[PDB]
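Participant: To start, I am sharing the structure in question, which I have written as structure tokens.
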Amino acid sequence: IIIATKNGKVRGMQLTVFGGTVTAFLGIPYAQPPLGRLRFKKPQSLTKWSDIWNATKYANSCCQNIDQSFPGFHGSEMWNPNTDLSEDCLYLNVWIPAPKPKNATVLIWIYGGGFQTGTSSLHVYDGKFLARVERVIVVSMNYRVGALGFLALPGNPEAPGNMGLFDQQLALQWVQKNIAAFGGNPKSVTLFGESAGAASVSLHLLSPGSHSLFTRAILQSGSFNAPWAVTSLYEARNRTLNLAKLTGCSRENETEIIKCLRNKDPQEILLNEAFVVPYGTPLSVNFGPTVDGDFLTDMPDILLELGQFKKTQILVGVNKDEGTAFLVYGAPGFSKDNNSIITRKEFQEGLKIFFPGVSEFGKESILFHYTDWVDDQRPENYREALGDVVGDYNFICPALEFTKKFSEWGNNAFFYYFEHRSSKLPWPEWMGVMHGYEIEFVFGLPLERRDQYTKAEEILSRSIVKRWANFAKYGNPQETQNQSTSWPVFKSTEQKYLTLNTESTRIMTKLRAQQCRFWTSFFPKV
Ligand SMILES: *[C@@H]1O[C@H](CO[C@@H]2O[C@@H](C)[C@@H](O)[C@@H](O)[C@@H]2O)[C@@H](O[C@@H]2O[C@H](CO)[C@@H](O)[C@H](O)[C@H]2NC(C)=O)[C@H](O)[C@H]1NC(C)=O
Ligand SMILES: *[C@@H]1O[C@H](CO[C@@H]2O[C@@H](C)[C@@H](O)[C@@H](O)[C@@H]2O)[C@@H](O[C@@H]2O[C@H](CO)[C@@H](O)[C@H](O)[C@H]2NC(C)=O)[C@H](O)[C@H]1NC(C)=O
Ligand SMILES: CC(C)(C)OC(=O)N1CCC[C@@H](CNCCOc2cccc3c2ccn3S(=O)(=O)c2ccccc2)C1
Ligand SMILES: *[C@@H]1O[C@H](CO[C@@H]2O[C@@H](C)[C@@H](O)[C@@H](O)[C@@H]2O)[C@@H](O)[C@H](O)[C@H]1NC(C)=O
Ligand SMILES: *[C@@H]1O[C@H](CO)[C@@H](O)[C@H](O)[C@H]1NC(C)=O
Ligand SMILES: *[C@@H]1O[C@H](CO)[C@@H](O)[C@H](O)[C@H]1NC(C)=O
Ligand SMILES: *[C@@H]1O[C@H](CO)[C@@H](O)[C@H](O)[C@H]1NC(C)=O
Ligand code: NA
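Using this note's numbering, the letters of the sequence shown correspond one by one to residues 22 to 547.
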């Protein structure tokens, strides 16, 4: 029931899972609360406590703006924080198998949400199934988001940037110093995350300070080379200064600006974050990763291209309809409550939404490459094209390009294409296999029979869970016992990938070849 850590004792709680037992430690602090004069600073080491810390409920989520477009709708609200927002939010969770394992592989989850939102306490991130079923240890942490986690005055340690990434780093550090006491093997740590969490994972592969803190990496629908993932030094300052003007904190001394932003209430910072950009969408990564010179020593496209990253195996993948979720947050003619048949004029209006600072020719080039129809009279043509545009540009092609470049330096890489639409999916059918809806299969929620997933979904999650765990444990995402399709390595010549679905698991090649030649070779020029 009680584990002694380097900083003090913590008490867990027993959970009944599938006729077995999992020990959860929910809400272990891993840093000094980044409060007062610590706001905007890198996270500070925690002083010991003398009592027994009670880790029996999730801690506070970090301060963040909430998705409000669909009040009462489970499809959006399942992603909103489900614990109190507070700046006092630097906590982590541990699920260990019962009985206490001897030398168990550790899985460390990093949530996404644009670097502006998200929390480790969400139901779909519940690591008790992985601990029960595969006897791995699951760790997840809260990390600062938005301006409070990523506001940047580069060089200035009062606000250097990438704080939330250093939050993540300090938690991986905690697992190294402490996870052996829980029965974990610190020499066998696999990072996994989704969306901005997957982008985070890839930045840890790049950051020298994280290289000794994990073994392997899993990137679900995200990588640092995605266009939303890294803010420029120009942008980051313009955004910091714009936040300052918006809060009356403009000063000539940059340090005085920070001190001024320290005396504002969390809510005034949050209210003004959306408006630091003029191209202002609910899907703006207003404050995100930057080249700080500490976490990130150089522009990550350069480090990737020239082989400057941790050499290890990666598991990378994407969902079939990455882009559809984002169309109901602004694109004209779209609704989750109808089939969103849009016209040519509405499609073009959508490109202006999602490509705000792009030339007319750039937008026409997108229209040209995506509107050469197999049948021009099919009314869903423009609706599905805009979805593919947003998903190929923002997720599928950056992940493929990341996998190609990473594997060219000699490491094994495995790529998947997830094409199963959850039977319990509350969004309409036109949105397909949505961004974020593999997560529940990965965490094994379909393994609970009471949760009214189908039998085929239980088997798909069970196979996925096995492959994730075999990858974490052995660097090889096979399922070796149930005459499963063998998952080949992804090589930049042949570019083989594995499809994930309830019917047949297939090996295909060159996912989205035509679309990604456009996005990776032509569009960066425009
Ligand atoms: C850099 O920032 C300036 C200033 O941003 C404005 O003020 C902030 C407090 C916030 O409210 C933003 O939404 C504002 O736009 C940007 O300059 C503005 O640009 C728009 C059009 O691009 C124009 O209509 C405004 O009048 C401009 N305001 C000022 C004060 O110049 C600028 O576009 C940003 N980007 C770059 C590259 O400079
Ligand atoms: C699908 O719905 C959109 C959104 O309109 C809203 O949501 C509906 C479900 C319903 O509750 C309406 O009362 C709402 O207005 C429709 O987009 C609107 O279309 C009309 C007419 O074309 C236009 O006047 C509005 O400006 C549009 N609103 C936008 C673009 O935000 C769309 O037409 C619907 N399409 C189908 C095929 O049903
Ligand atoms: C939470 C996860 C990541 C699992 O799933 C989703 O978020 N969705 C699924 C359906 C509900 C919606 C929830 N989101 C709320 C606000 O969270 C964000 C703000 C800002 C930029 C964000 C996000 C999220 C991605 N980004 S983004 O990758 O940078 C991007 C930006 C612009 C165009 C395309 C992609 C959406
Ligand atoms: C920590 O928890 C101790 C034991 O509490 C036991 O477990 C919790 C979940 C409750 O169900 C409680 O009724 C049980 O006795 C407490 O005795 C102790 O006071 C707690 N410490 C702090 C600082 O809150
Ligand atoms: C755990 O495994 C590592 C190698 O992966 C080994 O060096 C270490 O001593 C092991 N600890 C145990 C078995 O307690
Ligand atoms: C104001 O600027 C001075 C030098 O320009 C420097 O001490 C620091 O950045 C600011 N002063 C304080 C007390 O923070
Ligand atoms: C393999 O098949 C058996 C049934 O024959 C099933 O009970 C088990 O869960 C499957 N294992 C995996 C890893 O899919
Ligand atoms: Na081309």
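A virtual CB, placed ideally from N, CA and C, is assigned to each residue, including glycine.
What is the rounded straight-line gap between the Cα of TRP430 and the Cα of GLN85?
Facilitator: Rounded to whole angstroms, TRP430 to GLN85 spans 38 Å at the Cα level.
Participant: My assumption, with CB atoms under 8 Å, is that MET452 sits in contact with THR345. Please give the rounded CB distance.
Facilitator: Going by Cβ atoms, the distance from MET452 to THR345 rounds to 4 Å, so yes, they are a contact pair.
Participant: Excluding the five sequence neighbours on either side, which residues of its own chain have a C-beta within less than 6 Å of the C-beta of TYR437, listed in chain order?
Facilitator: Cβ neighbours of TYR437 beyond the five flanking positions: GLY338, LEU519 and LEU521.
Participant: Going along the chain, which unbroken runs of the beta strand (DSSP E) with 3 or more residues stay wholly within the stretch 205-257?
Facilitator: Qualifying beta strand (DSSP E) stretches, in chain order: 205-215 and 237-241.
Participant: Going along the chain, which unbroken runs of the alpha helix (DSSP H) with 4 or more residues stay wholly within the stretch 266-320?
Facilitator: Those alpha helix (DSSP H) runs which fall completely within the stretch 266-320 and span 4+ residues are 275-283 and 287-294.
Participant: Between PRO303 and ligand 2, is there a pair consisting of the residue's CB and a ligand heavy atom that are separated by less than 7 Å?
Facilitator: Flag unset: Cβ of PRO303 not near ligand 2.
Participant: Leaving out five residues on either side along the sequence, give the residues of the same chain with a beta carbon under 8 Å from the beta carbon of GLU326.
Facilitator: Excluding residues within five positions, the ones whose Cβ falls inside 8 Å are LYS426.
Participant: I'd like the span of the alpha helix (DSSP H) that includes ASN75, first residue to last.
Facilitator: No alpha helix (DSSP H) contains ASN75, which is instead part of the beta strand (DSSP E) from 73-75.
Participant: If contacts are defined as beta-carbon pairs under 8 Å, then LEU113 and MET162 qualify, I think. What distance do you get, rounded to the angstrom?
Facilitator: Yes, they are in contact, since the Cβ atoms of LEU113 and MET162 sit about 4 Å apart, within 8 Å.
Participant: State the start and end residues of the unbroken alpha helix (DSSP H) segment that holds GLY338.
Facilitator: Here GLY338 belongs to no alpha helix (DSSP H); instead the beta strand (DSSP E) covers 335-340.
Participant: Three-state secondary structure (DSSP) at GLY408?
Facilitator: Helix, per DSSP.
Participant: Please report the Cβ distance between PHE330 and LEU226, rounded to the nearest whole angstrom; I am assuming they are in contact, meaning their Cβ atoms lie under 8 Å.
Facilitator: Correct: roughly 5 Å between the Cβ atoms.
Participant: Say yes only if the C-beta of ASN75 is nearer than 7 Å to one or more non-hydrogen atoms of ligand 4, and no if none qualify.
Facilitator: Flag set: Cβ of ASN75 near ligand 4.
Participant: Should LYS123 be listed as close to ligand 5, given that the test is whether its C-beta is under 7 Å from any heavy atom?
Facilitator: Yes, the Cβ of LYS123 comes within 7 Å of a heavy atom of ligand 5.
Participant: Residues around ligand 1, please: the condition is that the C-beta lies closer than 7 Å to some non-hydrogen atom of it.
Facilitator: In chain order, the hits are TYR255, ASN259, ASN263, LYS266, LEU267, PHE296, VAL297, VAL298, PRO299 and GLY301.
Participant: For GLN189, which residues of its own chain have a beta-carbon under 8 Å away from its beta-carbon, when the five flanking residues on both sides are left out?
Facilitator: Once the five neighbours on either side are set aside, the close Cβ partners of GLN189 are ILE131, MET162, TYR164, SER221 and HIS225.
Participant: Does the Cβ-Cβ distance between residue 592 and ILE73 come in under 8 Å?
Facilitator: Summary: the structure shown does not reach residue 592, with the chain confined to residues 22 through 547, and so no result is reported for it.
Participant: Where the beta carbon is closer than 7 Å to any heavy atom of ligand 2, which residues qualify, in chain order?
Facilitator: For ligand 2, the selected residues are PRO353, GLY354, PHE355, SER356, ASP358, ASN359, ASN360, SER361 and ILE362.
Participant: Start and end of the alpha helix (DSSP H) containing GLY383?
Facilitator: From DSSP, the alpha helix (DSSP H) with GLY383 extends over 381-391.
Participant: With hydrogens ignored, establish whether the beta-carbon of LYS494 is closer than 7 Å to any heavy atom of ligand 5.
Facilitator: Result no, Cβ not under 7 Å from ligand 5.
Participant: In chain order, what are the residue ranges of uninterrupted alpha helix (DSSP H) at least 4 long that sit wholly in the stretch 173-201?
Facilitator: For the stretch 173-201, whole alpha helix (DSSP H) runs of length 4 or above, ordered along the chain, are 184-199.
Participant: In terms of alpha-carbon separation, which member of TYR495, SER380 and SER507 lies closest to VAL547?
Facilitator: For the residues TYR495, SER380 and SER507, the minimum Cα distance to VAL547 belongs to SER380.
Participant: For the structure I just gave you, are there three or more beta carbon pairs, one from the stretch 385-393 and one from the stretch 495-510, closer than 8 Å?
Facilitator: With a cut-off of 8 Å, the stretch 495-510 and the stretch 385-393 do not count as touching, because too few Cβ pairs lie within range.
Participant: In three-state DSSP terms, what is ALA52?
Facilitator: Coil at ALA52, not helix or strand.
Participant: So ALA125 is in the beta strand (DSSP E); what residue range does that whole segment cover?
Facilitator: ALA125 -> beta strand (DSSP E) spans 125-131.
Participant: Considering only heavy atoms of ligand 4, does any lie closer than 7 Å to the CB of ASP72?
Facilitator: Under cutoff, so the answer is yes.
Participant: For the alpha helix (DSSP H) that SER97 lies in, which residues bound it at each end?
Facilitator: Run containing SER97: 95-98, per the alpha helix (DSSP H) assignment.
Participant: Among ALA25, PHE39, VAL160 and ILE23, which one has its Cα closest to the Cα of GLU469?
Facilitator: For the residues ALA25, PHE39, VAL160 and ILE23, the minimum Cα distance to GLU469 belongs to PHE39.
Participant: Compare the C-alpha of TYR300 against each of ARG404, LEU372 and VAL463 and name the closest.
Facilitator: When only C-alpha atoms are compared, the closest one is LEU372.
Participant: For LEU336 versus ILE239, is the C-beta spacing smaller than 8 Å?
Facilitator: Yes, the pair counts as a contact, with Cβ atoms nearer than the cut-off.
Participant: What would DSSP say about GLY57, mapped onto helix, strand or coil?
Facilitator: In the structure shown, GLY57 sits in a helix (DSSP, three-state: H, G or I).
Participant: Go ahead and pull the three-state DSSP assignment for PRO353.
Facilitator: Correct three-state label for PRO353: coil.
Participant: Let me know the secondary structure DSSP gives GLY29 once reduced to three states.
Facilitator: In the structure shown, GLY29 sits in a strand (DSSP, three-state: E or B).
Participant: Report the option in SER242, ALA295 and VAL251 whose CA atom is closest to the CA atom of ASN263.
Facilitator: Nearest option by C-alpha distance: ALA295.
Participant: Just list the beta strand (DSSP E) runs in the stretch 461-537, keeping only unbroken ones of 3 residues or longer that don't cross its boundaries, in chain order.
Facilitator: Runs of the beta strand (DSSP E) inside the stretch 461-537: 517-521 and 528-530.
Participant: Might you give, ordered along the chain, the residues of its own chain that have their beta carbon closer than 7 Å to the beta carbon of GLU440, omitting 5 neighbours on each side?
Facilitator: So the list reads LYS341, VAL454, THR520, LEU521 and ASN522, once near-sequence residues are dropped.
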